[PDB]
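Everything below concerns the one structure shown next.
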Amino acid sequence: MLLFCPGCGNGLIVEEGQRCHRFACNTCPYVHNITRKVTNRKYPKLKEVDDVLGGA
Amino acid sequence: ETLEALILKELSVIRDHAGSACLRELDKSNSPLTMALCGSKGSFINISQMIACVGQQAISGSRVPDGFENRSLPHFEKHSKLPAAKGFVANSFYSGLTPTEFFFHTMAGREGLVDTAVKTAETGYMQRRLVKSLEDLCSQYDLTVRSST
Amino acid sequence: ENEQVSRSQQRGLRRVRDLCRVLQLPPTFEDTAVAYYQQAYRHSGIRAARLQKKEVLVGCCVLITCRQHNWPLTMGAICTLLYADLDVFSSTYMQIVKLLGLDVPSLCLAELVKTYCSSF
Amino acid sequence: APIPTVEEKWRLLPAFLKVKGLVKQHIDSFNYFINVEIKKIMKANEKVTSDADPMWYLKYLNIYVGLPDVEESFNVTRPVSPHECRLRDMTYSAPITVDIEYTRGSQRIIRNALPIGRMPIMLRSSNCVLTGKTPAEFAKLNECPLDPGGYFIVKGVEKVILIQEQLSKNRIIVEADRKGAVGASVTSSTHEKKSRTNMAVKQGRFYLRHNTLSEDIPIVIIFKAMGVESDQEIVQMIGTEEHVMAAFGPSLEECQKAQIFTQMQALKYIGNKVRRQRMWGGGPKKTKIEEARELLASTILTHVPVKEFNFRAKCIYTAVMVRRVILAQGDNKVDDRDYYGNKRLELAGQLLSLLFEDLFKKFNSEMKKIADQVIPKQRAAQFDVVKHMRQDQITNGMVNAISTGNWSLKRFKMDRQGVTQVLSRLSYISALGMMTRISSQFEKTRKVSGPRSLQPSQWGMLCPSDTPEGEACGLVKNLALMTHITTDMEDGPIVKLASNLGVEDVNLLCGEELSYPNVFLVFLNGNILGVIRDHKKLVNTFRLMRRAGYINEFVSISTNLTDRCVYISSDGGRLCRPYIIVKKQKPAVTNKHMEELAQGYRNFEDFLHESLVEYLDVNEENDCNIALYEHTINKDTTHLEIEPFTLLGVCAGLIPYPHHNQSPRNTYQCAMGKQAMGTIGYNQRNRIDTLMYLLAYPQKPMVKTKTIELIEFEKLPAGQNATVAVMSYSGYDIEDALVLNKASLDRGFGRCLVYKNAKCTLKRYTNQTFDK
Amino acid sequence: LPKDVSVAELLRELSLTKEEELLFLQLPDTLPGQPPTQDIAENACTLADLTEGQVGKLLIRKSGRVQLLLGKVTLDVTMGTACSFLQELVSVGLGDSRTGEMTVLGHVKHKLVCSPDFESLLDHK
Amino acid sequence: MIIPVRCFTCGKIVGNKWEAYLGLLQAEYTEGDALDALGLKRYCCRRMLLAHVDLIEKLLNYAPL
Amino acid sequence: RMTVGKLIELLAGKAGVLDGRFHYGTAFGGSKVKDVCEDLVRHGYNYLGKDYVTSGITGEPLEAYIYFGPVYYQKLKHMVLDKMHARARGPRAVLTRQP
Amino acid sequence: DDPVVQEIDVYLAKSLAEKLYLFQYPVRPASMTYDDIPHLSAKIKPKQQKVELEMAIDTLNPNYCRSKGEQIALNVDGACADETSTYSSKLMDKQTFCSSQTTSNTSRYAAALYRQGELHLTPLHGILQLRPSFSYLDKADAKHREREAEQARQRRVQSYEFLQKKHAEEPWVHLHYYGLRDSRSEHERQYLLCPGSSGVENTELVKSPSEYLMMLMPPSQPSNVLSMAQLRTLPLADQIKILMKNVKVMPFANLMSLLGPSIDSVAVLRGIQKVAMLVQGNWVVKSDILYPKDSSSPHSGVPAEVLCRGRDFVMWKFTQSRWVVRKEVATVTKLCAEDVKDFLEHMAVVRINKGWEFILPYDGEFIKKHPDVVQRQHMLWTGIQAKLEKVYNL
Amino acid sequence: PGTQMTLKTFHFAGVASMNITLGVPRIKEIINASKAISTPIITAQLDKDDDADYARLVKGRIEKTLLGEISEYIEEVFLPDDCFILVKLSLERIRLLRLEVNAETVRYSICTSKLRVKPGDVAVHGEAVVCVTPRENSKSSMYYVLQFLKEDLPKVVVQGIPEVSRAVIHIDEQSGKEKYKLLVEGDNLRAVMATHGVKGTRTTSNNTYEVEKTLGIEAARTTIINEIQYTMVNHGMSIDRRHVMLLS
Ligand SMILES: [Zn+2]
Ligand SMILES: [Zn+2]
């Protein structure tokens with residue numbers, strides 16, 4: 001999900017560091033090591049209906 | 001869409017039953033009935049519209065769309081899918097129409113007029129191009145259709 | 001023709017045009033004035049003259065124009081729109097009417113009164 | 001228990017027609033023009049100063065239009081009746097006087113009454129000699145008392161300015177493209193500029209497109225240049241719903257692809273993408289650091305104002321635009337151009353104001369050019385403006401623009417055609433119907449068949465069944481019997497009352513607040529006033545104030561729950577229609593009020609002031625519920641319709657029992673009545689037109705609509721009552737044919753007279769010779 | 001999370017909690033008074049032109065209605081937009097010409113809106 | 001303009017009866033009873049008298065004279 | 001064309017000219033059919049306008065009742081006297097020698 | 001719905017009226033506070049209020065990428081120049097927050113310190129929005145770029161450069177920041193109250209609700225023409241004339257309701273006799289009022305003097321009897337039927353088999369109340385009757 | 001007949017759906033021989049026309065299905081050691097539509113025109129779980145291109161002819177016997193004919209150019225005749241077959 005830097009308000013991005021992967025800011029040294037799993041479910045809408053035809 | 005189809009079927013069967021009642025009730029030697037029976041001018045649909053009930057006024061094969069926000073006209077409530085609220089005419093031509101019914105009937109009439117107005121020019125262009133293309137073909141005496149060459 | 005119109009003759013005819021325009025005259029008066037100007041500009045001594053001469057010539061041309069089609073207009077009202085003095089205007093008018101000899105009807109007193117009385 | 005009915009409710013209609021109605025739109029617009037707009041235009045260009053030789057100036061002080069006059073007498077003027085102008089083929093106009101001051105030789109000299117042209121005078125206007133006159137005076141002036149007026153007379157022909165219908169400016173329009181991609185567009189139009197900007201989603205990311213820009217720019221770059229730099233602000237400011245961030249993510253990725261993180265960088269990028277559309281310079285200006293800033297400040301979203309390079313309000317406006325685009329990209333709720341909530345009407349006043357302003361600007365520019373040419377060089381012959389006030393400029397411009405019907409105003413780049421039409425004098429009803437005609441902005445741009453349709457929004461303002469059958473079917477409309485057109489307003493007290501009513505200033509809040517469901521935006525003619533909660537309280541208070549008279553009654557307020565916005569419309573050209581107010585299932589009108597109106601104790605304006613009858617606009621009537629009859633009134637009926645038969649127009653009024661007919665027959669009858677054979681006016685004998693038709697023995701209809709009595713059609717009938725027998729006879733009446741009685745024709749039935757004019761001119765040429 | 005109303009807000013912050021709280025409110029443009037010898041034309045009579053002491057009375061009516069009697073007139077008080085970001089009320093004490101005391105006073109949690117009850121004014125006359 | 005001399009359908013002289021008709025409407029008389037007094041049994045004559053508009057006087061008001 | 005309005009107008013006009021009134025055909029209102037029927041029957045005519053009619057040619061009564069009534073006819077500008085046109089050899093154009 | 005709970009006293013304070021600013025960070029949620037970040041500097045321009053904060057950002061914390069910090073500090077300044085270095089160390093020492101102005105005026109906004117049951121208000125000097133500045137990146141870009149490398153009437157007011165110069169003139173005012181943990185903050189906090197008695201009547205805020213509505217909403221300032229609201233502003237005598245002109249027949253009792261009960265009977269009875277003449281206990285407007293001498297008949301053009309005689313004769317007739325014969329009036333007055341009809345329509349209604357009847361009932365009640373006026377009108381009628389008899393030869 | 005045709009509607013053609021451009025514009029297309037047409041209709045016969053299960057099976061065989069339409073949920077998973085994208089297939093919906101799709105099928109469908117993702121990138125742990133781990137392609141490719149993959153990973157095709165948009169079953173309402181035809185709004189007749197369980201001998205189309213390029217010029221002529229006659233009858237007006245045969 002779109003994470004923003006508390007230090008300066010810019011959009012944090014994902015990158016890989018030395019101990020683990022970190023969220024990083026492109027303008028200021030604020031980084032946050034990903035200490036454990038983080039998920040972002042989307043739950044896209046499925047193809048529910050089938051719609052056979054030929055009725056009156 | 002299922003609700004719309006059900007309502008359309010119900011209103012159509014209402015109109016058809018009213019027309020059948022009209023035709024059964026009418027006496028012979030009735031001028032519109034005679035003119036519709038021999039097919040000279042008009043049909044039983046016109047007689048039913050003038051006597052029994054004008055059917056649902058359909059635009060592009062559907063009920064009147066919501067010109068305002070969720071309402072066909074201000075005189076009906078929001079998200080109202082009642083027969084009259086979406087275009088049906090309960091009255092007959094003899095009894096006269098209410099302002100909403102008259103407005104919807106004029107809607108249908110203007111739709112028809114616009115369709116005719118565009119179709120005339122479309123067919124004119126079609127005809128001229130086709131006759132330019134297919135003019136030279138003729139059947140020779142050997143019964144074989146041959147081109148200009 | 002219409003290309004041998006030097007800067008001076010163009011300025012002169014444009015002056016005639018704007019002068020007959022500010023007076024609110026019909027287009028026939030403008031046509032007659034420009035025709036009379038083009039006719040007077042055929043003399044060598046006329047074209048070779050100072051700005052004052054051309055201006056007073058325009059004034060006299062518009063005067064003659066409005067004079068023919070029985071429109072009274074005092075010279076004062078014309079000089080009031082020209083950047084010149086009336087003393088040289090009169091002399092140049094006499095000089096040109098002595099050279100051109102065009103028809104000069106007399107100023108009608110009835111129309112002059114009709115024009116001047118309404119100004120009150 | 002049937003609800004008691006005020007049977008004399010229709011009495012409201014004549015009283016309304018006393019103040020406004022058929023022709024009063026044109027007359028009011030023209031009078032407002034010649035009394036306010038001309039002075040405002042003079043104020044706009046009060047001073048002109050030559051670049052060369054400064055300290056010279058020309059100051060306009062006041063302007064007047066005088067009375068309609070003729071200059072046939074030698075330098076003398078004289079009052080002229082309009083019929084005389086008709087006969088001699090002249091423009092019925094009035095001189096335009098002005099008072100000025102100027103320094104010919106560094107000395108201030110003023111003029112009091114200096115003509116600058118001649119303004120055509122519309123009949124029955126404030127200055128027209130016909131206004132406020134008795135029928136006997138009309139007879140002495142050879143004019144029909146029943147003549148609607150409202151048309152100019154130029155060179156002896158009667159020309160009418162058709163009311164122009166156009167799209168409302170300064171409104172967000174979201175619509176799909178040819179490829180089906182949903183985009184946005186706004187035509188921000190001001191007197192300074194009329195420019196439209198667009199928003200596309202072509203690659204799943206939003207680009208902003210403008211004519212002045214070489215290539216569309218990602219919107220996040222625009223925000224970064226625009227004053228806001230943290231991406232968090234922009235994301236909060238677009239919307240905090242999950243799908244909103246999902247849609248907006250590609251734009252953020254695109255902006256992060258480039259290294260734009262500073263307002264300077266984005267401004268540089270824009271300046272690179274901004275072309276040198278050099279107008280009349282290209283040297284004193286800076287670069288991709290100043291041009292970009294100015295382009296953001298003025299050209300982009302012109303109507304949104306920046307106080308001093310503070311783009312926060314414009315940021316809010318474009319964020320609202322982006323949110324609208326994103327939300328419309330789901331449920332495909334797309335705006336339809338035929339909904340008259342987004343339409344405006346331009347009468348003679350606005351068009352003439354534009355034309356006069358352009359003519360005045362051009363005349364002043366020409367005067368400045370002449371001065372600059374002659375002031376610095378000639379001699380001590382002190383140049384003065386008086387010697388060059390070329391009168392024919394304004395008069396000729398107006399005459400040509402009115403007569404030819406094509407309007408070229410380069411200052412607004414607008415080139416219209418067929419603005420004016422020759423008033424058809426076939427019949428009195430034809431004259432009235434053409435007087436109440438409305439043209440379309442397209443003039444057949446494309447046969448879309450969408451706008452040609454009769455959309456529901458036209459209810460109660462345009463005649464549904466009255467359209468010109470043919471290529472213009474559905475592209476030309478007529479005003480309904482009972483309708484009114486708004487005029488431009490002051491817009492100040494609306495802002496004052498809004499601010500006092502609890503709307504929070506937009507600058508104070510951050511963009512996240514827009515995402516909350518209960519928060520509502522408020523717009524004033526396309527400008528954001530702010531946000532507020534409890535929109536129903538605001539709407540009720542505003543309407544109650546409007547009823548009390550503290551707010552101009554034509555100012556309308558509407559609510560869009562789908563967009564959670566509140567629109568306060570105050571500009572002129574909106575369609576308005578009166579309505580009877582109903583509270584607690586009872587009308588504000590009582591039979592006692594109708595009795596007073598019959599006795600003359602009160603007029604329509606009194607009803608307006610006492611909160612009994614109020615005007616309604618399309619936008620406001622979109623929210624309120626209306627009833628057609630007392631028995632139809634339910635609990636949720638804010639307003640009651642005054643009279644249903646006002647729905648039809650003037651032409652449809654002639655149709656007896658039109659509800660019993662099929663509508664195409666009504667349309668054919670409207671078109672036929674516009675072509676009827678009958679009397680024209682009480683002065684038809686003196687009139688000399690190109691072509692005239694008179695019925696020998698006209699008779700008033702035996703069955704008449706109330707509209708006939710309203711327009712007094714029976715005073716000038718256009719037909720005969722004949723004893724028809726419905727049957728078949730001799731087979732000579734197969735298809736629409738019909739037989740006549742030879743005796744009836746012999747006895748004068750249907751007898752008609754045709755009048756044609758033959759005119760010749762005898763000129764005197766440049767040579768002192770004449771046609772004889 | 002629930003969305004509170006003035007009656008609920010003041011009830012919880014007075015009855016359940018005795019701790020003083022910082023509020024921020026937007027008054028109408030002009031107050032129902034006249035600038036006291038402040039060289040005034042019915043000009044902007046704001047909060048600044050008034051004097052110290054008791055200035056108004058706040059009434060929590062039944063059914064959740066909350067009003068502000070400000071003399072003869074009764075304003076209506078409503079929730080402003082619920083700002084979730086940081087709003088800190090600071091004091092800038094310019095003790096010296098080139099020295100100032102930045103004095104944070106407290107966070108701003110709620111925002112109030114005061115508007116005249118125009119309906120009462122109208123049906124009054 | 002002016003009252004026609006003959007009824008279109010039947011042809012009865014109706015021109016002369018117009019003037020006295022206005023006299024009848026000059027008094028208290030209504031339309032129908034006035035037509036009965038004039039002697040117009042069939043409805044075509046009643047139509048012609050009733051539906052007529054006397055435009056001739058309005059035009060004469062505009063006459064040179 | 002389903003123009004019942006014409007029949008209603010004819011009936012109302014017959015009633016009006018019989019009783020010397022001016023019936024109203026105002027949209028969504030006006031005089032109703034019952035009132036004009038009563039006016040017709042009171043004056044001694046059939047209540048639906050249809051009348052017993054004898055043919056002028058044969059002199060024999062018509063089998064079916066005929067519908068008399070006064071109706072408002074308006075003559076139109078389009079007349080045959082102006083629209084009739086015939087063309088002989090006539091003139092030709094200078095560039096292309098055609099009419 | 002009484003004020004069931006907490007009738008709350010509201011006070012005004014002015015101790016910090018000029019010292020009070022509201023700072024809000026749109027990017028910072030209320031969850032996190034700057035009470036733990038030690039601030040370094042605060043630069044303010046009192047006029048053209050634009051605050052500028054600089055607060056230290058720690059590096060030894062795990063959330064600092066010191067590798068990135070070294071590079072960014074290298075870019076922003078020189079490698080070893082350091083004469084004007086944004087960060088003293090080789091890292092990014094501090095963070096700078098810039099400000100934006102919300103509104104020109106802050107009078108209508110107030111800070112409410114709500115105590116235990118009592119409320120204190122204080123006007124706001126200004127409101128500023130603080131956002132983290134990115135000017136250091138632009139400085140780095142500038143350093144990189146420099147390392148790699150009687151006139152015509154203008155409008156400098158609308159030029160951003162002149163605006164910057166005008167703002168550049170204001171000298172910066174350095175400030176000492178004091179956090180929430182500072183005792184000075186608490187000491188200055190108590191000044192937000194106001195020392196005053198619990199109950200004192202306010203000398204101000206005395207304006208009436210109607211006066212308040214007026215002052216907050218300030219004004220910008222047929223022959224019937226004028227509406228009733230416009231009518232009531234006119235003098236009483238003019239109101240009687242216009243109202244009586246509108247209706248032309250109007251009972252005396254209704255006039256009292258029309259004008260209003262606040263007007264004395266004698267004054268009304270005084271003006272009405274000037275323009276209205278009594279017929280059958282009812283007031284009828286005089287002919288000359290409806291027909292000014294410069295007016296004429298709209299249908300025949302005869303001068304108003306003729307209309308005055310004709311209308312009065314018809315008006316005088318109604319005094320004699322309730323029924324007037326239309327034909328006899330035309331015979332006597334020699335007027336056209338159109339003009340005669342206009343007179344009768346104004347004050348009479350058609351009656352079948354009886355001619356014309358007076359439109360209003362005989363109001364004897366007004367006659368009984370004021371017999372003096374009834375007698376007065378009678379002599380006036382005799383004078384009018386004498387004029388007509390010699391003219392029309394009755 | 002172009003004058004006679006009034007552009008009628010509600011002619012659902014026994015299917016209550018599948019809007020088909022008829023009337024004059026249809027003729028305008030047919031004579032124009034446009035390669036791309038609006039609403040291209042392909043009629044297919046089924047060997048086992050009675051079994052609705054078989055009809056659904058072949059419909060899913062031909063109809064193009066996106067990854068997102070079948071995937072029950074997709075999540076970007078960032079871990080201390082690495083980051084990737086996980087997708088769980090809705091085996092419920094899969095067997096409900098009985099598409100021959102599993103973890104291996106989608107794995108093989110992946111590695112096709114998606115930033116040249118390598119077969120080693122994708123792994124199938126469970127039956128419905130599939131994981132993809134990208135790399136730095138350096139062609140303007142930072143690892144945050146994961147988002148880009150999440151943008152278009154649902155937009156990959158797993159089963160069906162790519163040009164086919166929507167296919168619909170259509171029952172035949174003959175009282176004697178009930179048959180199932182298959183309507184396809186696609187642009188590839190050859191692929192439909194090639195698919196299993198389709199009576200390719202009796203399958204027809206609407207695009208004349210497609211019929212010409214697939215079956216020969218004579219089949220194109222027959223299709224032109226049938227299309228013109230069908231559009232002609234749909235408007236009630238009648239033309240002798242000789243005219244349209246000559247035109248074809
Ligand atoms: Zn950061
Ligand atoms: Zn007759």
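By order of appearance in the structure tokens: chains A, B, ..., then residues from 1 within every chain, and ligands from 1 in the order shown.
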Contact residues (chain B, partner chain G, 8 Å, only C-alpha atoms) as a list in words: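 Output check: residues 46, 50, 93, 94, 96, 97, 98 and 99 of chain B.
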Atoms kept (N, CA, C and O atoms) for selection, written as a short mmCIF file (atom, residue, chain, number, x, y, z; two decimals), in the first residue's frame:
```cif
data_model
loop_
_atom_site.label_atom_id
_atom_site.label_comp_id
_atom_site.auth_asym_id
_atom_site.auth_seq_id
_atom_site.Cartn_x
_atom_site.Cartn_y
_atom_site.Cartn_z
N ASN B 46 -53.92 1.06 -33.53
CA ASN B 46 -54.36 2.45 -33.50
C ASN B 46 -55.71 2.60 -32.81
O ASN B 46 -55.92 3.54 -32.04
N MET B 50 -56.48 4.84 -29.51
CA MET B 50 -57.47 5.91 -29.48
C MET B 50 -58.62 5.63 -28.54
O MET B 50 -59.34 6.57 -28.18
N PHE B 93 -56.32 8.15 -25.99
CA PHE B 93 -56.36 9.39 -26.76
C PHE B 93 -57.71 10.08 -26.64
O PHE B 93 -57.79 11.31 -26.61
N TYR B 94 -58.79 9.30 -26.56
CA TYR B 94 -60.11 9.90 -26.35
C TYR B 94 -60.18 10.61 -25.01
O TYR B 94 -60.71 11.73 -24.92
N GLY B 96 -57.84 11.91 -23.38
CA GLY B 96 -56.83 12.93 -23.24
C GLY B 96 -55.67 12.47 -22.37
O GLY B 96 -55.74 11.46 -21.67
N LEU B 97 -54.59 13.24 -22.40
CA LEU B 97 -53.38 12.88 -21.70
C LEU B 97 -53.08 13.88 -20.59
O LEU B 97 -53.48 15.05 -20.64
N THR B 98 -52.37 13.40 -19.58
CA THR B 98 -51.81 14.23 -18.53
C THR B 98 -50.47 14.80 -18.99
O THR B 98 -49.84 14.26 -19.91
N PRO B 99 -50.02 15.90 -18.39
CA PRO B 99 -48.80 16.55 -18.89
C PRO B 99 -47.58 15.64 -19.01
O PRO B 99 -46.85 15.72 -20.01
#
```
Shell of 8 Å around residue 86 in chain I, only C-alpha atoms, local chain residues under 5 positions omitted, as a ChimeraX atom specification: /I:74-77,129-132
Within 6 Å of chain H: residues of chain A, using only C-alpha atoms, as a list in words: residues 8, 29, 30, 31 and 32 of chain A
Generate a file of the selected residues that holds N, CA, C and O atoms, formatted as a short mmCIF file (atom, residue, chain, number, x, y, z; two decimals), in the first residue's frame.
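Dumped to out-v8.cif:
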```
data_model
loop_
_atom_site.label_atom_id
_atom_site.label_comp_id
_atom_site.auth_asym_id
_atom_site.auth_seq_id
_atom_site.Cartn_x
_atom_site.Cartn_y
_atom_site.Cartn_z
N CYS A 8 9.31 13.73 5.70
CA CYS A 8 9.13 14.80 4.73
C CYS A 8 7.89 14.67 3.86
O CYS A 8 7.66 15.55 3.01
N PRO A 29 17.08 10.55 4.37
CA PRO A 29 17.60 9.24 4.77
C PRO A 29 16.65 8.40 5.59
O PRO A 29 17.07 7.36 6.10
N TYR A 30 15.39 8.80 5.75
CA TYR A 30 14.45 7.98 6.49
C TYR A 30 14.28 6.63 5.81
O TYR A 30 13.94 6.56 4.62
N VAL A 31 14.54 5.56 6.56
CA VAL A 31 14.32 4.20 6.09
C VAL A 31 13.65 3.42 7.21
O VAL A 31 13.74 3.77 8.39
N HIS A 32 12.95 2.37 6.82
CA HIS A 32 12.29 1.49 7.79
C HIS A 32 12.55 0.06 7.35
O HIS A 32 12.07 -0.37 6.30
#
```
For chain H, report every residue with an atom at most 7 Å from chain D (counting only C-alpha atoms), formatted as a CSV table (one decimal) with N, CA, C and O atoms, in the first residue's frame.
```csv
chain,number,residue,atom,x,y,z
H,26,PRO,N,-0.2,19.8,7.8
H,26,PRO,CA,-1.1,18.9,7.1
H,26,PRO,C,-0.6,17.5,6.8
H,26,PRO,O,-1.4,16.6,6.6
H,27,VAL,N,0.7,17.4,6.9
H,27,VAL,CA,1.3,16.1,6.5
H,27,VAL,C,1.5,15.2,7.8
H,27,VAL,O,1.9,14.0,7.6
H,102,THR,N,-2.5,31.1,5.3
H,102,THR,CA,-3.8,30.6,5.0
H,102,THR,C,-4.7,31.7,4.5
H,102,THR,O,-5.2,31.6,3.3
H,134,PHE,N,11.9,21.5,0.9
H,134,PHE,CA,12.8,20.7,0.0
H,134,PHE,C,13.8,21.7,-0.7
H,134,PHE,O,14.4,21.3,-1.7
H,138,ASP,N,17.2,21.9,-4.1
H,138,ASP,CA,17.4,22.9,-5.1
H,138,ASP,C,18.8,23.5,-4.9
H,138,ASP,O,19.5,23.9,-5.8
H,227,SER,N,-44.8,47.8,-6.0
H,227,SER,CA,-45.4,46.8,-5.2
H,227,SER,C,-45.8,47.3,-3.8
H,227,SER,O,-45.5,48.4,-3.4
H,228,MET,N,-46.4,46.4,-3.0
H,228,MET,CA,-46.9,46.8,-1.7
H,228,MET,C,-45.7,47.1,-0.8
H,228,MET,O,-45.9,48.1,0.0
H,246,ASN,N,-55.4,51.7,-8.1
H,246,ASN,CA,-55.2,50.3,-8.5
H,246,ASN,C,-56.6,49.6,-8.6
H,246,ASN,O,-56.9,48.9,-9.6
H,247,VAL,N,-57.5,49.9,-7.7
H,247,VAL,CA,-58.7,49.1,-7.6
H,247,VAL,C,-59.9,49.9,-8.1
H,247,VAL,O,-60.8,49.4,-8.7
H,298,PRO,N,-57.7,55.6,-24.6
H,298,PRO,CA,-56.8,54.7,-25.3
H,298,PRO,C,-57.5,54.1,-26.6
H,298,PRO,O,-56.8,53.6,-27.5
H,299,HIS,N,-58.8,54.2,-26.6
H,299,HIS,CA,-59.6,53.6,-27.7
H,299,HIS,C,-60.1,54.6,-28.7
H,299,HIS,O,-60.3,54.3,-29.9
H,300,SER,N,-60.4,55.8,-28.3
H,300,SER,CA,-60.9,56.9,-29.2
H,300,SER,C,-60.0,58.1,-29.2
H,300,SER,O,-60.1,58.9,-30.2
H,301,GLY,N,-59.2,58.3,-28.2
H,301,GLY,CA,-58.3,59.5,-28.3
H,301,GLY,C,-58.9,60.8,-27.8
H,301,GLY,O,-58.3,61.9,-28.0
```
Residue neighbourhood residue 127 in chain B, 9 Å, only C-alpha atoms, exclusion window fewer than 5 positions, as a PDB file with N, CA, C and O atoms, in the first residue's frame:
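As written to disk, part-v7.pdb reads:
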```pdb
ATOM      1  N   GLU B 122     -28.709   9.048 -45.253  1.00  0.00           N
ATOM      2  CA  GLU B 122     -27.903   7.828 -45.274  1.00  0.00           C
ATOM      3  C   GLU B 122     -28.221   6.979 -46.500  1.00  0.00           C
ATOM      4  O   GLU B 122     -27.309   6.551 -47.226  1.00  0.00           O
ATOM      5  N   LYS B 132     -23.122   3.888 -58.743  1.00  0.00           N
ATOM      6  CA  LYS B 132     -21.818   4.090 -59.370  1.00  0.00           C
ATOM      7  C   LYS B 132     -21.077   2.773 -59.537  1.00  0.00           C
ATOM      8  O   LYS B 132     -20.455   2.529 -60.578  1.00  0.00           O
TER       9      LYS B 132
ATOM     10  N   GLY I   2     -33.202   0.567 -48.009  1.00  0.00           N
ATOM     11  CA  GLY I   2     -32.582   1.520 -47.105  1.00  0.00           C
ATOM     12  C   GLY I   2     -33.529   2.642 -46.727  1.00  0.00           C
ATOM     13  O   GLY I   2     -33.574   3.070 -45.571  1.00  0.00           O
TER      14      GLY I   2
END
```
Env. residues ligand 2 / 8 Å / only C-alpha atoms and all ligand atoms / as a list in words: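 Within the 8 Å cut-off, the matching residues are residues 6, 7, 8, 9, 10, 11, 12, 14, 40, 42, 43, 44, 45, 46, 47, 48 and 49 of chain F.
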Each residue of chain A lying at most 10 Å from ligand 1 should get a row with its shortest atom-to-atom pair and the distance in Å to one decimal, counting only C-alpha atoms and all ligand atoms; could you produce that, ordered by chain and increasing number, as CSV?
```
residue,atom,partner,partner_atom_place_in_ligand_line,distance
A:4,CA,ligand 1,1 (Zn),7.7
A:5,CA,ligand 1,1 (Zn),4.6
A:6,CA,ligand 1,1 (Zn),6.6
A:7,CA,ligand 1,1 (Zn),4.9
A:8,CA,ligand 1,1 (Zn),4.3
A:9,CA,ligand 1,1 (Zn),6.1
A:10,CA,ligand 1,1 (Zn),5.5
A:11,CA,ligand 1,1 (Zn),7.7
A:12,CA,ligand 1,1 (Zn),7.4
A:24,CA,ligand 1,1 (Zn),7.7
A:25,CA,ligand 1,1 (Zn),4.6
A:26,CA,ligand 1,1 (Zn),6.6
A:27,CA,ligand 1,1 (Zn),5.3
A:28,CA,ligand 1,1 (Zn),4.3
A:29,CA,ligand 1,1 (Zn),6.6
A:30,CA,ligand 1,1 (Zn),5.5
A:31,CA,ligand 1,1 (Zn),8.2
```
Contact residues around range 119-121 of chain H with only C-alpha atoms at 8 Å, ignoring same-chain residues under 3 positions, as a PyMOL selection string: chain H and resi 8-13+110-115+192-194
